[PDB]
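Presented below is the structure to which this report refers.
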Amino acid sequence: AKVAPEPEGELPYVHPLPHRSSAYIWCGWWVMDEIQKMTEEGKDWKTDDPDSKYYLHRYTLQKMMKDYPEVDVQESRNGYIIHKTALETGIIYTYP
Amino acid sequence: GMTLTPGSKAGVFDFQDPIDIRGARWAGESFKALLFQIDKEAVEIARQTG
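From first to last, the protein sequence lines are chains X and E.
According to PDB author numbering, the residues represented by the first sequence are 281 to 376, in order.
According to PDB author numbering, the residues represented by the second sequence are 320 to 369, in order.
Here it is, written out as structure tokens:
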């Protein structure tokens, strides 16, 4: 219910896709693993822990999901494009 | 029993289940996981019949 603190600028670029009101950013395997770990102990990834190792990328993901309702984020372990609804829960494919 | 992966369905082998295909992806990995499953089944047969 809170907003994520802004960690200065230098936000990673998000590519607007007006084709489907979507966007695209390449995060990787570390960001997705971090988000999956955060959404396993009952924590939150959208705004909690504003001093994380890769919180800047998570804040960028939160902004991308707020601005675009059907975001297409691609990881690096499998290169899958998880949508906004699939990224909402914080669990991507597998693993505890 | 011994052939079962801890988290599988205990009787069926579905290619859509991540634990069953050992975290496979696309076609080659999943079908090779099926090959490993039938290998495990043969080994279990060897243990059972002797």
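Every residue gets a Cβ at the ideal spot worked out from N, C-alpha and C, and that includes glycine.
Query, Result
"Distance, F334/E Cα to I340/E Cα", "6 Å"
"Beta-carbon spacing of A303/X, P292/X below 8 Å", "no"
"Neighbourhood of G308/X by C-beta, 6 Å cutoff - its chain only, sequence neighbours within 5 removed", "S356"
"For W310/X, the nearest candidate out of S332/X, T327/X, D328/X and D324/X (CA to CA)", "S332/X"
"Cβ-based contacts, 7 Å cut-off: residues of the stretch 329-343 of chain E near chain X", "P337 and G342"
"CB contact below 8 Å: residue 431/X versus chain E", "The shown model of chain X, from 281 to 376, leaves out residue 431/X, and the question about it has no answer."
"Cβ separation of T369/X and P337/E, assumed to be a contact under 8 Å, to the nearest whole Å", "At roughly 16 Å, the Cβ-Cβ gap does not stay under 8 Å, so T369/X and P337/E are not in contact."
"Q354/X (DSSP reduced to helix, strand or coil)", "strand"
"Counted within 10 angstroms of its Cβ, other Cβ atoms place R338/X as buried (16 or more) or exposed", "buried"
"Between the CA atoms of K323/X and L353/E - distance to the nearest angstrom", "37 Å"
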